[PDB]
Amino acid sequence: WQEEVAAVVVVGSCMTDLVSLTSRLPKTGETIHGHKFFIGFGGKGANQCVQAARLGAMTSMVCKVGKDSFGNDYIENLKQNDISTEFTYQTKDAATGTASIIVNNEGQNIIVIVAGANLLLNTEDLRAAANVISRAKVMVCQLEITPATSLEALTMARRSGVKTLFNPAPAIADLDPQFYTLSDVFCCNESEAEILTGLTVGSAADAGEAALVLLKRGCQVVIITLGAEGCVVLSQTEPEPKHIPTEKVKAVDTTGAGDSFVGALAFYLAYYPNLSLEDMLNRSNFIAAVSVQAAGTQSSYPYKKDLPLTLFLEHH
């Protein structure tokens, strides 16, 4: 008997985060000593997948890691979060992707990303995932893997009528035009928006303007997250920007909040399709805001059993 399908498929990155906490950031040629080191699980794709899974989504992570200790440990992390690893591949040709992060006591950081194995996730690897993709409700992609691969995944999703949620992160100024036209929901932050559009974006009104450019490039729904100001949304049917504020909380660590938001949104798009988009975004704001109230990235992302029941009910 054919079992429950994954409703949320994430094609994207897994990165081992190698974090050192220090009291100052080093300069060229310097050695410095920090006071704490830890390994965390990151990568935009996996962050998003994990948030959606913890909310109860059945998910499948399509990604490539290394045939190495960090890749075996990432696979176990996915499984622990009840994520299908059927299309989590391993390769000996490159190490699992890494992010080396140095963070001083003011939260300023230096980051060196080596994408590694993530970049060897190829179009044949996606084709083997075709039946899972075609049965999904939502496909989520970012800009951490090879762009040809992500383009293919969005293409495959469209061909089966699967909703596409694209997060253009990290952003680049000459993004292939297809990424706008293949996105049903296009979601980025202020700094990404500024890179994509060339406009200065430092307010919800500014984000409104930038969103309109992204819409005219061929997006259907455009969401710009705004940190503690919440998010702003527009769409082809309602092109007037709608600012969706979020209640004032005292942040502990905002790292990974955007991924929390996107994963929440993927969950809602997949399991609650009749909610209004404004409702989905209020809920996604809420969930991301819970994540900013805890340290870490993925270890901050809330589970369904710790969130209020009202986040899982149909509209009042």
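Start at 1 and count along the sequence shown; that's the residue number. Rigid core here is just the name for the largest C-alpha set that superposes within 1.5 Å across the two forms.
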| remark: in 9 other deposited structures of this protein, with the rigid core superposed, the stretch whose C-alphas stray more from the shown form, 114 to 122 or 97 to 105, is 97 to 105
| Between 23 to 31 and 37 to 45, larger RMS Cα displacement in 9 other deposited structures of this protein after core fit | 23 to 31
| task | Would you determine, from the values in the PDB entry, which of 18 to 26 and 288 to 296 has the greater average C-alpha temperature factor? | result | 18 to 26
| task | With reference to the PDB entry, specify whether the mean Cα temperature factor is higher for 236 to 244 or for 164 to 172. | result | 236 to 244
| remark: Comparing C-alpha B-factors across 200, 122, 77, 183 in this entry, the winner is 200
| task | Specify which of 275, 50, 57, 264 carries the largest Cα B factor in the deposited PDB entry. | result | 275
| said: By the recorded C-alpha temperature factor, relative to the other modelled residues in its chain, which third is residue 97 in? | reply: lowest
| said: Quick check on the deposited entry: does the C-alpha B-factor of residue 260 sit in the lowest, middle or highest third of its chain? | reply: lowest
| Chain-wide C-alpha B factor ranking for residue 149, given as lowest, middle or highest third | middle
| If you rank every modelled residue in this chain by C-alpha B factor, which third holds residue 32: lowest, middle or highest? | highest
| message | Considering every modelled residue of the chain and its Cα B-factor in the PDB entry, is residue 249 in the lowest, middle or highest third? | response | highest
